[PDB]
RNA sequence: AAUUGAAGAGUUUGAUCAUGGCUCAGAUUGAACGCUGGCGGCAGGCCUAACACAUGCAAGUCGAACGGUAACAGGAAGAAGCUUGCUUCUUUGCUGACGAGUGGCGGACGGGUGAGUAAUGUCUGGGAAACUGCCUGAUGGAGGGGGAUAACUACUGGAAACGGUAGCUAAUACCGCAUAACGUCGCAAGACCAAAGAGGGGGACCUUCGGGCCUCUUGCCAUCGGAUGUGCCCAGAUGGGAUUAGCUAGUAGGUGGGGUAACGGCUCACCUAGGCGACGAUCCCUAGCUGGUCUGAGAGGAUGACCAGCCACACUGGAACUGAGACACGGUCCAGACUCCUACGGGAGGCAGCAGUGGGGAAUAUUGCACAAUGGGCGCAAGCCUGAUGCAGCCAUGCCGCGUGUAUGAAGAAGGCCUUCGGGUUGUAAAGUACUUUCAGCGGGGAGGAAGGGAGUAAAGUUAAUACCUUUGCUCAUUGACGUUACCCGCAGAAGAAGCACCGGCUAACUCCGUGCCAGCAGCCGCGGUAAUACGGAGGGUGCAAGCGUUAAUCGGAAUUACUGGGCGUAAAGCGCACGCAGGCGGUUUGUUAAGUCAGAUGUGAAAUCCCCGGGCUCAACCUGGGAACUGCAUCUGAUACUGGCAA
């Protein structure tokens with residue numbers, strides 16, 4: 056029900072940093088990125104069309120830490136909502152509670168944020184939410200409880216929040232350790248390199 | 298079978314007997330009427346019709362003939378006597 | 003008013019009764035073609051005025067025999 | 684007899700009762716003539732918990748309908764407004 | 001706001017293009033099987049043998065209808081050990097109550113199953129010739145008598161089941177008599193038709209001093225309405241077969257008699273000789289139908305498990321009786337097959353209610369708890385009953401959610417596998433280090449489903465009455481099966497928690513070793529006869545994940561039945577050619593109609609489900625509010641271009 060394995064291996068099959076070990080240090084430096092996703096990893100794949108579509112879906116799931124039935128349900132919900140299904144799908148992945156806890160700098164990675172969410176260290180709107188996939192509405196206040204406030208992790212995580220780009224659709228404020236999800240993220244406000252038409256076309260075959 | 302169905306069995310037998318007797322007397326009076334119409338007798342059949350009328354209305358009221366049937370009888374028989382008289 | 007139908011006499015020979023074919027003109031559910039379609043009805047008439055090949059209007063009433071729940075109102079167009 | 688009565692429709696350990704007008708010898712969640720309101724015994728402490736069409740209820744009691752003890756309790760709860 | 005909706009590929013050939021079949025990639029399931037398996041929420045769970053059933057429950061209730069006392073607990077009276085003050089025993093239905101019985105109501109609901117039924121069914125829309133317990137409104141009546149019969153007692157038959165005979169008693173049981181309509185018959189005149197009391201309380205009066213009498217509540221009867229439910233009719237629609245073309249004598253219609261609640265060949269007598277049928281009758285095979293479900297871009301195709309509406313069935317075949325309602329699942333009668341008891345004379349039974357067995361099968365669950373809620377029956381109510389229902393148990397059967405940690409960590413450790421022996425890879429993976437405690441485990445706290453019901457008051461209404469009863473407030477104890485509940489807090493420690501398939505192409509993911517046309521694999525193409533990316537193992541990777549594969553089944557892809565949306569010179573496909581009936585289509589102008597067509601309105605298209613916008617469960621699944629939708633049918637109002645009818 057979640058991955059639990061070598062993370063930088065997943066980041067190495069995709070060829071791109073999936074932010075799976077954000078943590079203390081800088082850019083990887085001990086990954087052997089691009090070089091060998093397994094034993095025959097030095098081989099160029101010469102990847103197919105199914106391979107590029109598949110590999111795009113796997114990039115997105117392995118970023119946000121979602122498995123397939125849950126992702127597939129996000130595609131069905133993004134499909135039925137009015138508008139653009141790629142952009143709706145990223146809006147559904149960005150409203151996840153573990154993601155919003157990661158974006159605010161409360162967790163160093165999304166797995167650490169998922170353990171903060173999971174171990175009842177996070178309230179939304181003054182109610183404790185235990186669930187990684189809670190869908191944070193706009194104009195909500197998500198914060199850390201009094202237990203697990205001033206624990207080392209979150210402090211260190213806010214320390215590495217300043218190294219990243221400070222997302223526009225949040226009120227990050229780390230003094231009180233509370234945040235406000237203000238609006239839904241625009242497609243132009245996130246990541247610029249994921250090709251969601253490939254995963255629309257992957258599920259539409 | 299072991300219940301209050303035994304009581305409904307015995308009551309329905311008792312009421313079967315009662316209703317069979319009253320139903321049989323009613324039918325014999327109506328046979329008096331259109332068995333007097335079998336011969337060309339006007340006032341004999343009118344006497345029999347006056348003899349059957351209270352019992353057919355009465356068995357309609359008691360609940361075993363369901364009064365429309367009551368009406369039919371007297372209606373049909375009235376027709377017979379003014380087919381005759 | 004009353005709901006009535008129009009049709010033509012298809013046969014005649016029965017003892018104070020008649021039988022009338024009705025032409026409903028209904029679209030096919032799959033193919034979208036308007037197709038003629040009949041409905042033969044045993045229709046009552048007192049004193050059997052309408053003969054074969056007529057056109058007659060017809061209303062629904064109580065049952066008068068087996069099938070027969072229909073009775074005429076107006077004989078039109080008898081022309082031989 | 685026609686009865687204005689409740690009919691259990693929510694999930695397990697979470698009932699939502701819909702008050703209907705049924706011929707009384709039908710099943711509980713079976714055939715009804717018309718539904719006329721609802722009653723959620725939880726709902727949350729928000730706004731309603733219960734709405735209930737008093738005009739149609741007065742129509743059916745005018746016709747001869749009977750009312751169960753809960754529906755009588757709900758009409759005694761929502762009296763005219765509160 | 002409520003349709004944002006459509007993918008291909010492999011294989012005919014030396015190669016090609018086309019045709020064309022086969023096959024694969026998706027979604028789904030009441031699933032089964034194999035390997036594996038942590039938790040929870042919500043659902044689902046005999047698809048086969050409508051096979052046979054042990055055992056326990058599944059329908060009772062009312063003494064405020066009645067005679068009554070079998071118990072239980074009191075009361076009165078008597079007698080006794082007598083502690084002259086408490087026990088023991090006895091007569092009394094005197095009382096709260098109540099076994100058995102009569103009687104009223106319910107056992108036609110609820111619950112099960114899908115055998116039969118291809119149209120006496122179902123769906124949609126009309127209709128007329130109807131009945132309707134309980135419930136409600138209105139108008140009125142509710143007077144006066146009689147004979148019985150259970151129970152009971154006494155005999156008595158029978159192994160039992162079950163009876164018989166003779167007496168006794170009651171009623172809201174039964175029967176007359178009176179009374180009689182805006183009721184039935186009748187054109188009228190007229191004729192005729194019913195009933196039942198019980199309970200609470202009481203000032204005065206009368207008491208045969210039991211109670212009359214007054215009042216209230218409730219019940220009875222008659223008629224007309226209403227609501228609900230049911231019966232009947234019509235039209236359209238709802239499988240396959242023409243290698244099934246004729247079927248039908250109560251058959252088709254009429255008249256009259258009978259019958260039903262009601263029309264009707266429903267039935268009978270007579271008369272006519274019809275009726276149905278290629279727009280598919282009749283026969284045969286199959287089948288419960290629908291809202292819906294699955295698939296689909298859609299049109300369609302398949303299906304109709306759960307949930308809900310309708311029908312049918314209740315061991316098998318038939319029949320009626322009682323009743324408002326049945327031709328009756330836990331009723332009666334007969335017959336039959338099976339099983340059982342027997343004293344051999346005869347008797348008894350019916351899980352397709354809920355659990356459960358045996359069998360059958362690839363396959364499907366506990367002989368649980370409670371009536372606390374919702375509903376039902378009975379009752380004035382209290383309450384009693386409820387295997388409906390609420391819940392719990394078992395099962396990864398499905399859907400949904402969460403977990404198996406998190407960060408750091410290069411000596412790129414050891415070991416495995418490969419190696420062009422340089423190294424590469426497993427791999428930040430592990431170990432180390434630093435944190436976190438979800439869920440499981442342990443200990444505390446603790447909502448909500450609980451509204452009612454009971455006991456006292458106070459006021460109002462009624463009344464002769466400050467009683468009784470009804471209604472409304474107030475107060476007082478209370479009412480939870482689930483349930484060591486949901487949820488909250490604290491404890492200890494990463495501590496209890498990852499498999500399954502695949503890796504030649506389709507199709508994401510590669511090498512080594514073993515085997516050598518073998519062993520074996522395979523959905524199709526096809527691999528294997530010595531260096532096999534296809535077999536078996538290992539390392540590595542890929543996909544899914546408490547699941548994963550295989551199998552079965554459906555739709556898709558399949559434009560390979562083509563209505564949307566195909567073809568026919570040579571690929572399959574133009575009758576050998578004509579004439580022509582039914583059928584289909586029909587030049588051109590004007591007028592009328594308005595059937596098709598179009599527009600609007602109204603009634604209906606059950607609720608749930610799908611869709612949209614919201615709301616509640618920490619979220620989700622789930623539940624839910626409002627709308628849209630249900631593409632239809634009927635009626636009314638219009639328009640008249642096109643099609644049809646009619647006239648020229």
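Chains as they are written, first to last, in our numbering: chain A, 56 to 260; chain B, 298 to 382; chain C, 3 to 82; chain D, 684 to 765. By construction, the Cβ of each residue, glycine as well, lies at the ideal position given by its N, Cα and C atoms.
Query: Have a look at A:172, A:103, A:157 and flag the residue whose alpha-carbon is nearest the alpha-carbon of residue 257 (chain A).; Result: A:103
Query: Taking all protein chains shown into account, decide if residue 684 (chain D) is buried (16 or more other Cβ within 10 angstroms of its Cβ) or exposed.; Result: exposed
Query: Is it the case that the stretch 97-116 of chain A contacts the stretch 203-221 of chain A, given that we only count it when at least three CB pairs across the two stretches are under 8 Å?; Result: no
Query: Keeping to the same chain, check which residues put their C-beta closer than 8 Å to that of residue 64 (chain A); ignore five residues upstream and five downstream.; Result: 92
Query: So, is residue 157 (chain A) buried or exposed, given that buried needs 16 or more other C-beta atoms within 10 angstroms?; Result: buried
Query: Given that a residue counts as buried once 16 or more other Cβ atoms are within 10 Å of its Cβ, and exposed if not, what is residue 345 (chain B)?; Result: buried
Query: With a threshold of 16 other CB atoms inside 10 Å of the CB of residue 49 (chain C), please say whether the residue is buried or exposed.; Result: exposed
Query: Count the other C-beta atoms from every protein chain shown that fall within 10 angstroms of the C-beta of residue 686 (chain D), then say buried if there are 16 or more, exposed otherwise.; Result: buried
Query: For a minimum of 4 consecutive residues, which ranges assigned as the alpha helix (DSSP H) are wholly contained in the stretch 357-382 of chain B?; Result: 365-381
Query: Cα separation between residue 366 (chain B) and residue 691 (chain D)?; Result: 46 Å
Query: Please list, in chain order, all residues of the same chain as residue 62 (chain A) whose beta carbon is under 7 Å from its beta carbon, the five residues on each side excluded.; Result: 75, 76
Query: Could you give the C-beta distance for residue 224 (chain A) and residue 238 (chain A), rounded to a whole number, given that I count them as a contact under 8 Å?; Result: 5 Å
Query: Is residue 753 (chain D) closer than 8 Å to residue 717 (chain D) when the C-beta atoms are compared?; Result: no
Query: Among D:704, D:699, D:696, D:726, which has the Cα closest to the Cα of residue 750 (chain D)?; Result: D:704
Query: I'd like the list of long-range same chain contacts for residue 112 (chain A), defined as Cβ closer than 7 Å, with 5 residues on each side in sequence excluded.; Result: 254, 257
Query: Of all the options C:15, C:77, C:43, C:12, which has the alpha carbon lying nearest to the alpha carbon of residue 68 (chain C)?; Result: C:43
Query: Residue 306 (chain B): buried (16+ other C-beta within 10 angstroms of its C-beta) or exposed?; Result: exposed
Query: Where does the unbroken alpha helix (DSSP H) through residue 178 (chain A) begin, and where does it stop?; Result: Run containing residue 178 (chain A): none in the alpha helix (DSSP H); it sits in the beta strand (DSSP E), 177-179.
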